[PDB]
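**Q** Opening piece of the complex, as it sits:
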Amino acid sequence: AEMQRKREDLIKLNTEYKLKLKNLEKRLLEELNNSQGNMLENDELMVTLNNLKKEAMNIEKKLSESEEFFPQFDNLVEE
């Protein structure tokens, strides 16, 4: 039950976080062009980009366990 539950979120958070990676890159560049001569407002998005240090590396966390999950999935298809 543990691996069929994680199978759904594996390709879900694969696409979700990569769409959030494309979504947060856009939110960052919009305020960097608005606030460049202004104060460090970008900082108010950079604490969200500090949260992104979990998100960018969340991807890397899940890709690492994928290379471990997939060959176990394919072992279970045979029975």
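**A** Arrived safely, thanks for sending. Numbers count the residues shown, from 1 in each chain, chains lettered A, B, ... in the order given.

**Q** how close does residue A:65 sit to residue A:48?
**A** Residue A:65 sits at a distance of 25 Å from residue A:48 (criterion: CB to CB, to the nearest Å). C-beta coordinates here come from the backbone N, C-alpha and C atoms, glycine included.

**Q** Helices along chain A, start to end?
**A** A:2-34, A:42-76 (DSSP state H).

**Q** Could you list the buried residues of the longest one?
**A** Which is helix A:42-76. By neighbour count on 16 or more other CB atoms under 10 Å, the buried set for helix A:42-76 is A:42, A:45, A:49, A:52, A:59, A:62.

**Q** if I read this right, the fourth one contacts residue A:24, doesn't it?
**A** Yes. Under the contact definition of CB atoms under 8 Å, residue A:52 touches residue A:24, with a separation of 5.9 Å.

**Q** still on that earlier bit, between all of the buried residues of helix A:42-76, which two are separated the most?
**A** Maximum pairwise distance among these (CB to CB): 27.9 Å, between A:42 and A:62.

**Q** State the distance from the residue nearest to the spatial centre of chain A to residue A:23.
**A** The residue lying closest to the centre of chain A (CA atoms, centre = their mean) is residue A:17, at 3.2 Å. According to CB to CB, residue A:17 stands 10 Å off from residue A:23.

**Q** Likewise for residue A:7?
**A** Using CB to CB, one gets 24 Å for the distance from residue A:7 to residue A:23.

**Q** Can you check the distance spanned by stretch A:29-38, start to finish?
**A** Its first and final residues considered, stretch A:29-38 spans 14 Å by CA to CA, to the nearest Å.

**Q** one more chain, chain B:
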Amino acid sequence: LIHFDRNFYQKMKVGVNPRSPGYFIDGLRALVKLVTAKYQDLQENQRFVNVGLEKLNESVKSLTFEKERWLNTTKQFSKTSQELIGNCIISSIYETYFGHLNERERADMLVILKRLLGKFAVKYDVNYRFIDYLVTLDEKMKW
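**A** That brings us to chain B, laid onto the chains above:
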């Protein structure tokens, strides 16, 4: 593609060689339309990380040099582009030859295709999925 079409009729179709090349032409026409669609979009995202490389260098501060160290993504692009030619091969074949095949009949041809991709000096994504590769989450929702 020749070795695939020759294998498609050989495995799938029953009735001895009444019928001949159709899909082959359309399979080729799909690849051309797919590689041009993908190389225009590979270079579009490569242009989005090159325009972000220009913008981070202008600024430089404590954590921002981790973002600069995003040559892992820039390094990653070469591996992504290496496989797009052979990835488009499988995608084109799925659109053309697979539409009317069984669950099992699709998978099995994929094997013969992938091992044909294995003999040739063509690089493909080993962890590959037709849905995720050509379906967009906005369309996947819509359907």
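
**Q** and the buried residues of helix A:42-76, now that chain B is part of it?
**A** Under the neighbour-count criterion of 16 or more other CB atoms under 10 Å in any protein chain shown, helix A:42-76 has A:42, A:45-46, A:49, A:52, A:56, A:59, A:62, A:66 buried.

**Q** which one among those gets closest to residue B:70?
**A** Closest approach between those and residue B:70, by CB to CB: residue A:56, at 8.7 Å.

**Q** and chain B, which residues reach chain A?
**A** Proximity of chain B to chain A is confined to B:48, B:52, B:55, B:59, B:63, B:66, B:127, B:129, B:132, B:137 under the rule CB under 8 Å from any CB of the partner chain.

**Q** if we can go back for a sec, the residue nearest to the centre of chain A and residue A:61 touch, don't they?
**A** No. Residue A:17 is beyond contact range of residue A:61, at 10.2 Å (criterion: CB under 8 Å).

**Q** Now for the residue of chain A found nearest chain B, how many residues are close by?
**A** Nearest residue of chain A to chain B: residue A:15, at 5.9 Å (CB to the nearest CB). Residue A:15: 14 surrounding residues under other CB atoms under 10 Å in any protein chain shown.

**Q** Which residues are in contact with it?
**A** Going by CB atoms under 8 Å, 6 or more residues apart in numbering or on different chains, residue A:15 touches B:132, B:137.

**Q** rerun at 6 Å
**A** Going by CB atoms under 6 Å, 6 or more residues apart in numbering or on different chains, residue A:15 touches residue B:137.

**Q** and what of residue B:8?
**A** Contacts of residue B:8 (CB under 6 Å, 6+ apart): residue B:97.

**Q** so which strand or helix has it?
**A** If you go by DSSP states H and E, residue B:8 is part of helix B:2-11.
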